[PDB]
């Protein structure tokens, strides 16, 4: 009552795009337990890597790594379908227990992190400073990743739809679409937000027939 034991920095994991996703927010009082369900980034992905982070930055690499572990045995499935439940649990002793559980198999892997692990009071100070000092740059990184991720969904989806469409798709249309997917894929390999959005726009402008087919196909 005169004091309360809180998390000095945010705790989370690295997600697609190299962005930190927070499971336990800064200044949360312990004990505390939070969970979130994630999925795979690639089709037929057999394992996921859980990279535990401490910090306030948006870029995962800009935060303090507390450790990493893998959860394997994920059964073949389209990407984004597997259910990997990640749980962060800080007990009365300030020990952090991170678990990843495949909801299909029930398979689970854990990493335990001592209360003394992480950044010390000075590092914590520098961290809170760096974050405020770079709120803008992080916002930019934040939007780029959102763009990359949207373009990646578009690329992946469109390819599946072209396959499902087959003969239904006119030769002219398929030719424009496949040229646009190549450009989009090359763009995603970069760091230029505008270029990625340009390629997505192109794809959107030439995929109108494919969109109708795909829509009708499941309607």
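Positions refer to the first chain, counted from 1.
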item: Selected stretch [higher average CA B-factor]: 70-78 or 114-122; value: 114-122
item: 187-195 versus 58-66 - greater average Cα B-factor per the deposited record; value: 187-195
item: Residue selected from 149, 134, 99, 83 by maximal Cα B factor; value: 134
item: For residue 176, the third of its chain into which the C-alpha B factor falls; value: middle
item: Ranked C-alpha temperature factor of residue 28 among modelled chain residues, by third; value: middle
item: Third of the chain's Cα B-factor distribution that residue 40 belongs to, per the entry; value: lowest
item: Ranked C-alpha temperature factor of residue 34 among modelled chain residues, by third; value: middle
item: Third of chain Cα B-factors occupied by residue 168; value: highest
